[PDB]
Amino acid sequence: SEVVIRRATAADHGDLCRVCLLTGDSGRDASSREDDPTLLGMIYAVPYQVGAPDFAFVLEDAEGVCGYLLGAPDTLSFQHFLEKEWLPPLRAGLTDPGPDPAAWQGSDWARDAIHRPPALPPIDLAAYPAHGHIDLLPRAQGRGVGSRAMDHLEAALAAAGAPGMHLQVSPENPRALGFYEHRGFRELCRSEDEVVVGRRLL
């Protein structure tokens, strides 16, 4: 049952994508919903390791990678990386299912997100410049591993000078919402599609 936090490497990309897929439907398995099992992790997980390698970690137990913990200390910096170094190769040759959500199937929402990324959420980026994401496989859930992992990431971002961080959570993931509330994160904004929570770090 022992889980350690280890620095992530490019050798972990495959496992990042797997964990991303297995938790990408508001925290639950999205495999049945996506037609491309890699897009999710290529949009939401892999670029953290490539663009912010000093704040990317995996959780690993005897069976192998059982989660990840990924951060970026500065939203503007990381968007530069996405806009100039990640989204362009991702777009090359990439089918565009059109901007109308009504015709989309499977991973089409993800293709559109790549061609036309969403605006950043309506929050105070000076107060909460850092951000991150955590996802544990069920085998590593329910026993404080998320708590220890969030301690690690909050500390790493604080050590980099970040005064606050925000995280995006699905409104249909009330477990994660309750998890963050319990850690002293407050709700910064809420739409029918997304909740953003934040905490000051210094």
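Residues carry their position along the shown sequence, with the first being 1.
Would 20-28 or 7-15 have the larger average of its C-alpha temperature factors, as given in the entry?
Higher of the two, by average CA B-factor, is 20-28.
Decide which of the stretches 46-54 and 131-139 has the higher mean C-alpha B-factor, going by the entry.
Higher mean C-alpha B-factor in the PDB entry: 131-139.
Given 113, 125, 87, 102, identify the residue with the highest C-alpha B factor in the PDB entry.
Spelled out: the listed residue with the top C-alpha B-factor is 102.
Based on what the PDB entry reports, which of 41, 67, 164, 171 has the top C-alpha B-factor?
Highest C-alpha B-factor among the listed options: 171.
Check where residue 106 lands among this chain's C-alpha B-factors and tell me if it's the lowest, middle or highest third.
Its C-alpha B-factor belongs to the highest third of this chain's values.
Relative to the other modelled residues in the chain, which third contains the C-alpha temperature factor of residue 97: lowest, middle or highest?
For residue 97, the deposited C-alpha B-factor lands in the highest third.
Chain third (lowest, middle, highest) by recorded CA B-factor, residue given as residue 33
According to the entry, residue 33 has a C-alpha B-factor in the chain's highest third.
Place residue 148 in the lowest, middle or highest third of its chain's C-alpha B-factors, as listed in the PDB entry.
Middle third.
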